[PDB]
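J.: Take these chains first, placed just as they are in the complex:
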Amino acid sequence: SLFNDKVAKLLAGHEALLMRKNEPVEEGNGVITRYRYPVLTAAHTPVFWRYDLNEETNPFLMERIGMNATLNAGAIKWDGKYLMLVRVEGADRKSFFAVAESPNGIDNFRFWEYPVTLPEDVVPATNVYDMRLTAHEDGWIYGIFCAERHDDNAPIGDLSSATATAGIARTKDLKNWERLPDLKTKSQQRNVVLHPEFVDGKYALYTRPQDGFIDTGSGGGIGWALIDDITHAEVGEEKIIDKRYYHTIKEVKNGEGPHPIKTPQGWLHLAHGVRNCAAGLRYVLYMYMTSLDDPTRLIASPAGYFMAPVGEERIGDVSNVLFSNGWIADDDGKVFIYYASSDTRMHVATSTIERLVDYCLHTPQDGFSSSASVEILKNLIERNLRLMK
Amino acid sequence: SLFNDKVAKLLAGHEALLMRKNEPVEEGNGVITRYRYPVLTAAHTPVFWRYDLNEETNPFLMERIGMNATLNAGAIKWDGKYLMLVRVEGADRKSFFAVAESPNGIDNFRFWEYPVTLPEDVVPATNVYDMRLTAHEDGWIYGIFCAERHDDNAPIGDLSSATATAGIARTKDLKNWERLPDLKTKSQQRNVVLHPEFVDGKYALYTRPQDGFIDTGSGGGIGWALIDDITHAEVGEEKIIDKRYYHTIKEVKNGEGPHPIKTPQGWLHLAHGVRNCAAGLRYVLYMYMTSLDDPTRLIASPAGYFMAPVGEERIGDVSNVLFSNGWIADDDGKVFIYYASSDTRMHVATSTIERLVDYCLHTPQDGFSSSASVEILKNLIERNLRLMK
Amino acid sequence: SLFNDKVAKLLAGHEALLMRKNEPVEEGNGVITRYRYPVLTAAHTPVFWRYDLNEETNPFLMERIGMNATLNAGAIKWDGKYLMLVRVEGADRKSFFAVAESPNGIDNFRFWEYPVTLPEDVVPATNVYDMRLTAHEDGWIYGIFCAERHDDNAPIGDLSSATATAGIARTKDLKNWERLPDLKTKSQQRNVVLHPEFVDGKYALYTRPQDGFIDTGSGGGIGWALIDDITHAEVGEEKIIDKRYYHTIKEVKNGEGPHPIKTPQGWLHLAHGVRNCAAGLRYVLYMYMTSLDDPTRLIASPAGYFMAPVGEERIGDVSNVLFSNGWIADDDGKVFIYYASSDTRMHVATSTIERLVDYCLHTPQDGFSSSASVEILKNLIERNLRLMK
């Protein structure tokens, strides 16, 4: 029948998309390798999420539930597989979480047949997004995410005013999730992330205090807060670890991405930085390192951005954005960086622990001015010209 | 496992290839419409024909039986479906027959899981090829094909001299085939085709007498022979119906393609014509019509070729060749022409009975010289310029 | 109406094709510059040559007269315009001549609305082809071409054996052509070309004696023959000017292309050379020069080919062929070379008289062996490495 043939073709096209082999992009900077294809797009969502496959109830075979975007994904190595904890945004503009797995980390990602069922905390949330997974030493996998609600305290007609809180959930199988109380804090929070080890016997959070829903205001950067009880999480003291700076890629806002990777040289961090331009907000990725002895102490601040939008990455629902809240480091040192472009699709970039540490340690620090940048550059040129002669 | 993933990808890629929607080529001549993709290539043969899918016996997952070409296919409308009787040539250089079926005639052709099992006649054949299917009024589907054997008259070292006979088989299901005796005749034959109706109460064959295996010699063109008994087929009287002519597209050789289509205006024929050039033999398609009252009598001879190699068609194992031995005319008058290019792949072109008859009746006849061609052309130009003013 | 819209689209698409700007190919050898697009293809023939545009007599709007190829064109600068004398081959396999003109020499060639009407000589010809135009000092434009007829000596069934004579016609407007008697000669001739000046007060022809229709046999190369009376042309004395040589690009056959260009350094010639290979005959272009004092005396023989098939040129009705019988040299020294590829389409390449003479004079002569080729090459390498150090 024509209908059954159409269903068969939908499924066949979907399998071909899912199984497509990724290929590295040859041209790169020696730090990271980009890949030709995204690891996930809205088109990667299962056919059976979007279409009613029953001819009786969907004789035209049209989509019943449109899928808009697959973005800002957490990540974890799980039972030998490479997992993303994907933020999937429907055509209805709500996001939900969904696990996708790959045998190799760069292609053949496939969504688990059901997305994540996440219980509400005591106050219901309208949207949930951007989960960071932490396999904590306490034996749980934590997902720290943004729980967003309308702010009724707004002028009449204002349906955009919102509040962001840090949601906390944990699981041991990524299917059954326990929702803990939202983080209690004196400011709005987004980009909260759980450090994987106890520090002074306490849970440690990366935080990002902000005066408003979109603007940080007095919020000084990426914060650090020790928490006595993750099941009744409340910030007491909050210390800024990585600061915003005028005329850097992290001027207006910044935030921790995934939880950092432990290296012999220190904690290796991946974050985003924001500045304003004539086209709106521009988001890039950057890195920093902190001490093993004192994870609050910066020990490497390579100047500028680590990755910024290239090519197809530049365009999407929210253009001029890269964002990451997930990466995986294998035992052999290979690193898989899962980053979204333009709030629309997920990509992978690969590197190694040794290369990322080399990048952090030997990319000169920002001296904060054009004159300083020129002096750093002239010094390198002088070395190279001597060598090339 | 890596092996199972590899098998799953082979199957998935194959399904995507098989299900690809064909699209008509916009640029055309108003007679036939070409399509963007071939209907069959060697890559269309089933994965399970080529690969041993068992890891125990094929751990590297390599092809065990290479497929080289899918060409010169017969065709029949069968139980609501569009069928080709494909000549499939293996990497071993032997050909065999195999049914492929489509729901619509222009794409989604898929081979039946097993190819054709064709019993030998009394004298075994080395190769069999180019089967024309005829649904005869006697209730059988006949396949008339070429059965080729090494020429025993050949001297030491000559492993190329061959003989061609017309093989005859029949079936009622395209799975169980009865092999009848090879056609008895005084010359070599290839391109023998069964006319679908009795004529004077006898079976009627299109023939192509030839003095040698490749060259026709004294062979004058496409012949017509009435046969009393198809189960003991022997040519007696033989008349040339469509002749070779110097400096036409059918100078050196010609041959009937599929059996002709019955129209109210006469029998509509599709044939091939051959000439020599610096690059070897060049094969094109051409049409002609014969009378319903007397199928041996020509009533339309449009000048020149009907189709010749265009673009991708020009290149293959045997370049500069189009060949057809199959077409299907639906009750609504739509015609699906199945033609091979360069002995390598199968294509489809579509037309209608009305357009093909129009083409045959109103394409001026060849006057056989440059001066005559110019006079025909000047006449048309004069009419058009008068109209365009 | 749908019909009128269809006609309007045919005309519009044709105009867009005709007006397309050509672009030079950047990669070249410094001798000639190729161009991205052919100057003519079969699709360039007028819409009103191919279609009957009257809905009453062609309601399906299909082509009534197919055009197959535009090839082997003569060329002349004429009343400020760049003209080709095109060999146009119909789908009927007959060729006829047709003028096409361009304002600039590299694109926007358009056929004159009517093709050439060429009267027959006393014995009618089946095909005419490959006309070389010569603006002779006697005030006439001569076209010397091949007039082909079926060989009456041929046995039953032989519809391929043919004879080639040199046809001679002249005109003062390229519209009204006077057919003079075919050249009288003791062998078959093709590639006969009129030298533009009297020599010893006589007409001078380039000739190409050949024992057969396709193969030259004892024919030694490109010949030279003085003719008292072009209106009763008969060869008496005949001298070979440029010879075939074993293991060169002109081993099996050769022939003069267009008439040579007069330069201060001598007559600049363009010719074709043929050898056999596993795929058939391979045709390339080559150049040579002869003395102004004695046009029968070679003064430059650059080794090897001048042009050979590249890319798209390699494929067509008769693949692996370049052929030229037309070029134009402007007063400023710019040269437009019109060459066919694969008997299918017409191309242009540009150079200058200075560059072509440079090429002829300073491309080393063929020493006729691998050892000699290596010695020439090692000498150049040695010079370059010395320079590059």
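T.: Okay, I see it. Residues are numbered from 1 along each chain as shown, chains lettered A, B, ... in the order given.

J.: C-alpha only now, for contacts and for neighbours.
T.: OK.

J.: how near is the closest residue to chain B within the stretch 201-350 of chain A to residue A:77?
T.: The shortest separation between the stretch 201-350 of chain A and chain B is 18.8 Å, found at residue A:330 (distances taken as C-alpha to the nearest C-alpha). From residue A:330 across to residue A:77, the span is 8 Å (C-alpha to C-alpha, to the nearest Å).

J.: what does residue A:26 give?
T.: Using C-alpha to C-alpha, one obtains 26 Å as the distance from residue A:26 to residue A:77.

J.: between these two, which one's more packed in?
T.: For residue A:26 and residue A:77, the more surrounded residue by other C-alpha atoms under 10 Å in any protein chain shown is residue A:77, and the numbers stand at 17 against 11.

J.: Would you confirm that that one belongs to a strand?
T.: Yes: under DSSP: H, G, I helix; E, B strand; the rest coil, residue A:77 sits within a strand.

J.: and it, what is it in contact with?
T.: Contact criterion C-alpha atoms under 8 Å, 6 or more residues apart in numbering or on different chains gives A:83, A:328 as the residues in contact with residue A:77.

J.: quick one: it and residue B:358, what's the gap?
T.: Between residue A:77 and residue B:358 the distance is 69 Å, computed by C-alpha to C-alpha.

J.: Next, give phi and psi for the residue nearest the centre of chain A.
T.: When chain A is reduced to its mean C-alpha position, the closest residue under C-alpha atoms, centre = their mean turns out to be residue A:325, at 1.9 Å. For residue A:325, the backbone dihedrals are phi -130, psi 30 (criterion: degrees, to the nearest 10).

J.: That one against residue A:130, yeah?
T.: Yes: contact criterion C-alpha atoms under 8 Å: residue A:325 and residue A:130 qualify, at 6.9 Å.

J.: which neighbours do those two share?
T.: In the contact map built from C-alpha under 8 Å, 6+ apart, the residues linked to both residue A:325 and residue A:130 are A:72-74.

J.: Quick one, which of these are buried?
T.: When neighbours are counted using 16 or more other C-alpha atoms under 10 Å in any protein chain shown, the shared contacts of residue A:325 and residue A:130 contain these buried positions: A:72-74.

J.: Check these one by one and keep those near chain C.
T.: Near chain C, taking C-alpha under 8 Å from any C-alpha of the partner chain as the test, no member of those is found.

J.: Dump those residues into TSV; add secondary structure as well.
T.: Formatted as TSV, these follow (three-state DSSP):
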residue	secondary structure
A:72	strand
A:73	strand
A:74	strand
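
J.: which one of those residues sits closest to residue B:225?
T.: Distance to residue B:225 across these (C-alpha to C-alpha) is lowest for residue A:73, with 75.1 Å.

J.: what about the residue in the stretch 251-389 of chain A positioned nearest to chain C, how many residues close to it?
T.: At 16.0 Å from chain C, residue A:389 is the closest residue in the stretch 251-389 of chain A, using C-alpha to the nearest C-alpha. Burial measure for residue A:389: 5 neighbouring residues, criterion other C-alpha under 10 Å.

J.: For chain A, what lies in contact range of chain B?
T.: A:9, A:12-13, A:15-16, A:19.

J.: Chain D should join the structure above:
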Amino acid sequence: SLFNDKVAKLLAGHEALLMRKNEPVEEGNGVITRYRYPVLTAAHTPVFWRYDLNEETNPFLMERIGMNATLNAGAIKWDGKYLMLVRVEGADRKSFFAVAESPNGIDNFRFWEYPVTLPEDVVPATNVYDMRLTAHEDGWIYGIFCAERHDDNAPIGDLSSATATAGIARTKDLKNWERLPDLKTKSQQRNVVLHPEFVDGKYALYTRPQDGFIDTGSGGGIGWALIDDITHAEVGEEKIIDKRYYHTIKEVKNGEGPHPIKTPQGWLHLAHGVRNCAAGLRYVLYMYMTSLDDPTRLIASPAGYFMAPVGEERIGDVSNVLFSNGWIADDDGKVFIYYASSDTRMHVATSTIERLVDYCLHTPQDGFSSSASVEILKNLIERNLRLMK
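T.: Chain D added:
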């Protein structure tokens, strides 16, 4: 200056071409992996082979010595590098030998600055081609090649009749070559190849007896001949090891490619097979194995071709041809197969010894008929369908 800029651009473009990274073709058959780009083309020859770079003597900066093709290359692993012994054909139609080297075997091949200087034997040769390199246990690198001369028996006008002898040269550095006497034998020979080990204390050659220059006539296949003294080489006893067969890919001609690779399972051979078709001669590659105990004894004959022209490979000066006379097997079992397409360019395909042996041992043998091919195929289908259920 404009001239110096032009030279700098020629050199820069050439370096970019030479350094281009090759990429494997994903679609394959599991036996061999093809690559996206040729390893060598005529454009890969050095700029300083083709252009005179001195403005004084070449002010137009045009090529002085055209290069036409890089084909049929021998191969050897040499001092840690991957070397081809390239047949380079000039625009003058003569070939010469030239070493090209790569660090990795699949790209970045670069010609040595000077080509090979090969001394003549007592009788000079017009062309030399298709050298097979053998690192013999006697400590020398031998190159066995074809030395071609015009046939003196030829009649007037015949500049094509030629004779082929087996040329023998040796070297210890690929720069200084000693020319030994041409092989003495009772028939013409081409595709002669030196086996790398003594057999019965004697040199062993693969041979290919042929009655004519192009056609083998009574020549039965690939031969084997023991030679006492390679410096006065003469064939005595000669045995056919791999035979031509009607209706196989090696019907008309065959010949050994490179010398075979030693494996624990036997000698692994790569050869070419030829048949005739309407377009001329068609050349494909095939494999076979012989015994370690007795290298004259066949132990594996996989049916059909190993590789045949695909895509771009199908077209060139001599289309419809693959040819190999070189491959390299690394100690780790990786195999680099260097094969020419269409006598025009050089390609690489990769495999492993294990895969190639698997292919030879488990691709079913040719049963020599359509019925046999169908039975082999039906058996595999039956196994697969049983597995797939």
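
J.: Please reconsider the contacts of residue A:77 now that chain D is part of the model.
T.: With the criterion set at C-alpha under 8 Å, 6+ apart, residue A:77 makes contact with A:83, A:328.

J.: That one bridge partners, please.
T.: On DSSP bridges, the residues paired with residue A:77 through beta bridges are residue A:82.

J.: before we move on, what about residue A:267?
T.: Under the criterion DSSP bridges, residue A:267 forms beta bridges with residue A:262, residue A:290.

J.: same deal with the one 4 residues further on?
T.: For residue A:271, the beta-bridge partners are residue A:256, residue A:286 (DSSP bridges).

J.: in chain A, which spans are helices?
T.: With DSSP state H as the criterion, chain A has helices at A:2-19, A:47-50, A:353-362, A:370-388.

J.: For chain D, find the nearest of those helices.
T.: The nearest among those, by C-alpha to the nearest C-alpha, is helix A:2-19 at 12.8 Å.

J.: does chain D sit close to the closest one?
T.: No: using C-alpha under 8 Å from any C-alpha, we find that helix A:2-19 stays clear of chain D, coming within 12.8 Å at best.

J.: Which elements pack onto that helix?
T.: In terms of contacts (3 or more C-alpha pairs under 8 Å, 6 or more residues apart in numbering or on different chains; DSSP states H and E), helix A:2-19 is packed against helix A:47-50, helix B:2-19.

J.: what's next to it, contact-wise?
T.: When contacts are defined by C-alpha under 8 Å, 6+ apart, helix A:2-19 is touched by residues A:44, A:46-47, A:53, A:55, A:59, A:61, A:107-110, B:9, B:12-13, B:15-16, B:19.

J.: buried subset of those?
T.: For the contacts of helix A:2-19, a burial check counting by 16+ other C-alpha under 10 Å picks out A:44, A:46-47, A:53, A:61, A:107-110, B:9, B:12-13, B:15-16, B:19.

J.: Looking at these, point me to the pair that's furthest apart.
T.: With distance counted by C-alpha to C-alpha, no two of the buried ones among the contacts of helix A:2-19 lie farther apart than A:61 and A:107, which are 28.7 Å apart.

J.: follow-up on the earlier one: I'd like to know which of the helices of chain A is closest to residue B:30.
T.: Ranking those by proximity to residue B:30 (C-alpha to C-alpha) places helix A:2-19 first, at 29.4 Å.

J.: Could you check how far the residue of the stretch 101-250 of chain A at minimum distance from chain D is from residue C:184?
T.: Scanning the stretch 101-250 of chain A for the residue nearest chain D gives residue A:107, at 14.5 Å (criterion: C-alpha to the nearest C-alpha). Residue A:107 sits 76 Å away from residue C:184, going by C-alpha to C-alpha.

J.: Also residue A:136?
T.: For residue A:136, the distance to residue C:184 under the criterion C-alpha to C-alpha works out to 102 Å.

J.: go on, residue A:294?
T.: Taken as C-alpha to C-alpha, the span from residue A:294 to residue C:184 is 106 Å.

J.: Counting neighbours, go ahead and name the busier of those two.
T.: Regarding residue A:294 and residue C:184, a neighbour count based on other C-alpha under 10 Å identifies residue C:184 as having more, with 16 against 12.

J.: which residues touch the residue of the stretch 101-250 of chain A found nearest chain C?
T.: Nearest to chain C in the stretch 101-250 of chain A, going by C-alpha to the nearest C-alpha, is residue A:107, at a distance of 36.4 Å. Applying C-alpha under 8 Å, 6+ apart, we find residue A:107 in contact with A:18-22, A:39.
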